[PDB]
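In the text below, chain A, chain B and the rest are named by the order of the sequence lines, each starting its count at 1. All heavy atoms count here, side chains included; hydrogens, waters and symmetry mates do not.
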Amino acid sequence: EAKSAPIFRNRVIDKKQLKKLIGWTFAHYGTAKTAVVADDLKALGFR
Amino acid sequence: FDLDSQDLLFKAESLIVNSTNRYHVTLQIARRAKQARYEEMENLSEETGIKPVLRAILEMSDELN
Amino acid sequence: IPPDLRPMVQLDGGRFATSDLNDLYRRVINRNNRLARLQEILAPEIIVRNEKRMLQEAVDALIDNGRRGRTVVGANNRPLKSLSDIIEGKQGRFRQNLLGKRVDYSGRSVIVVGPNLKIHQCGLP
RNA sequence: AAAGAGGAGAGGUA
Ligand SMILES: Nc1ccn([C@@H]2O[C@H](COP(=O)(O)OP(=O)(O)OP(=O)(O)O)[C@@H](O)[C@H]2O)c(=O)n1
């Protein structure tokens, strides 16, 4: 649920990178943080 | 209210994680909720503004401390 | 069979509804009564065998229609529904009333898109 | 107190 810091992805972000990020978040933090992360990404993309 | 659904989601996730079977913990929560509802219905009035299942989740998560 | 599983129904203003089990039961009863009456008065034994054959065919049609010979046809050229047609196929008892059901406390409506919602939330009219 | 019973055709929407 903690103790892992995200890496700075200095590149272009397509669908594959988003799927990789979602998998990493689920594997490292749990099933409750992933929903909020997906919601934030959806809001940013819509904006 | 000060209690949002996000806290309940985290508490439920914590309850699921710290156990060996999800079906067993679901049955335990259901039993506790039924007992709490029966206790409420026959005595006093209590803080009725919370459903029995949410109450059972709250007490069971607090017992983990 | 009990009479409440084959209802008569009182629509049509002056007439009555059609049920298929009742017709087959009536035919069986009619043939049985005719055969008994013929046997009582010592009829010649070339007419009795005819009645026996028709009784056998009537019972066969009641049990399973069209399995052996010709099929019994109602008013229009449409075969009747026997006892074996109630439990047989996709519209039979097993696959229609036992493995699936209609339920209470249910609704249905069109869906639109709601942004600004949370992933565990929905909007109900 | 009461209130719809089934069946058969034809045409549509995910
Ligand atoms: N015989 C059919 C026809 C349609 N469907 C359902 O309806 C959908 C059809 O969706 P539709 O909107 O007609 O087409 P799409 O493939 O979604 O394409 P688009 O919306 O871009 O036109 C199918 O995927 C399926 O879920 C079905 O189950 N059986």
Spacing of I86(C) atom CD1 relative to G7(D) atom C1', expressed in whole Å: 14 Å
Could you give the CG-to-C1' distance, from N77(C) to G9(D), as a whole number of Å? 15 Å
Taken to the nearest whole Å, CG/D20(C) to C1'/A5(D) is 14 Å
Pick one for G9(D): is it syn, with its angle within 90° of 0, or anti? anti
Nearest-angstrom distance from the residue atom CG of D12(C) to P of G6(D): 14 Å
Under 5.5 Å centre to centre and under 30° between the ring planes, is that true for the bases of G7(D) and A8(D)? yes
Check whether any side-chain heavy atom of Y25(C) sits under 4.5 Å from a side-chain heavy atom of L62(C), and report yes or no. yes
Report the distance from atom CG of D4(C) to atom P of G6(D), rounded to the nearest whole Å. 13 Å
Taken to the nearest whole Å, CG/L11(C) to P/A3(D) is 13 Å
Taking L80(C)'s backbone N and O only, do any of them form a donor-acceptor pair with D20(C)'s side chain (distance below 3.5 Å, no angle check)? no
Look at the side chain of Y29(A) and the backbone N and O of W24(A), then say whether any donor-acceptor pair between them is shorter than 3.5 Å. no
Using whole Å, report how far CZ of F16(C) lies from P of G7(D). 19 Å
Donor-acceptor contact present, side-chain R55(B) to main-chain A36(B), <3.5 Å: no
Please state how far atom CD in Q91(C) lies from atom P in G6(D), giving the value in whole angstrom units. 15 Å
